[PDB]
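What follows is calculated from the coordinates using simple rules that are stated; it is not laboratory data. Counting neighbours? That spans all protein chains shown, and the Cβs are built from the backbone with ideal geometry, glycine included.
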Amino acid sequence: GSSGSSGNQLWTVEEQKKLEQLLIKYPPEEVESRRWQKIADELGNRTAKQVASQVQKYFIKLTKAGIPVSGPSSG
């Protein structure tokens, strides 16, 4: 289906696939911050934060899009 898509400032297939993997290698823990820090370090290009936000639209954007991800927006 999707088979990839375009994006002005969206991740790149290269990273996309990378993260997905790192996610498995790096399991959850008490602190979610430290978690992203580890993965990001591996990526080299991305950062804890950048990775954190991505995760949101990776796990939350799966529950039949039932959970609110955004609200007051435009454009």
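Considering every residue within the range 34-43, establish whether at least one is over 16 Å from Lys57 (Cβ atoms), under 14 Å from the mean Cα position of the chain (by Cα), surrounded by fewer than 11 Cβ atoms within 10 Å (Cβ to Cβ) and not β-branched (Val, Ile, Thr).
Among the residues of the range 34-43, not one is over 16 Å from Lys57 (Cβ atoms), under 14 Å from the mean Cα position of the chain (by Cα), surrounded by fewer than 11 Cβ atoms within 10 Å (Cβ to Cβ) and not β-branched (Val, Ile, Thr), which makes the answer no.
So which residues in the range 1-24 are farther than 18 Å from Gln50 by Cα and of a type outside the set (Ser, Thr, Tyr), if there are any at all?
Initial filter on the range 1-24 (farther than 18 Å from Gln50 by Cα): 1-6.
Across the range 1-24, the qualifying residues are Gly1, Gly4.
Hey, does the range 45-65 have a residue that's more than 13 Å from the chain's Cα centre (by Cα), closer than 16 Å to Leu10 by Cα and surrounded by fewer than 16 Cβ atoms within 10 Å (Cβ to Cβ)?
Residues of the range 45-65 more than 13 Å from the chain's Cα centre (by Cα): 45, 63-65.
Now narrow it down to the ones that are closer than 16 Å to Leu10 by Cα: 45.
Filter once more, keeping what is surrounded by fewer than 16 Cβ atoms within 10 Å (Cβ to Cβ): 45.
Yes.
For the range 1-22, which residues satisfy the criterion of being over 15 Å from the mean Cα position of the chain (by Cα) and closer than 17 Å to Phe59 by Cα?
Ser2
So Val31 clears everything in (1) out of contact with any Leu (no Cβ under 7 Å at 6 or more places or on another chain); (2) surrounded by 10 or more Cβ atoms within 10 Å (Cβ to Cβ); (3) of a type in the set (A, V, I, L, M) except one condition, right? Which one?
(2)
What helices (runs of 4 or more DSSP H) lie completely within the chain and have 3 or more residues being acidic (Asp, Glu)? Walk me through it before giving the result.
Values: elements: 13-25, 32-43, 48-59.
Ranges flagged: 13-25, 32-43.
Can you tell me which condition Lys25 does not meet? The list is (1) over 10 Å from the mean Cα position of the chain (by Cα); (2) surrounded by 11 or more Cβ atoms within 10 Å (Cβ to Cβ), and all the others hold.
For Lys25, the exception is condition (2).
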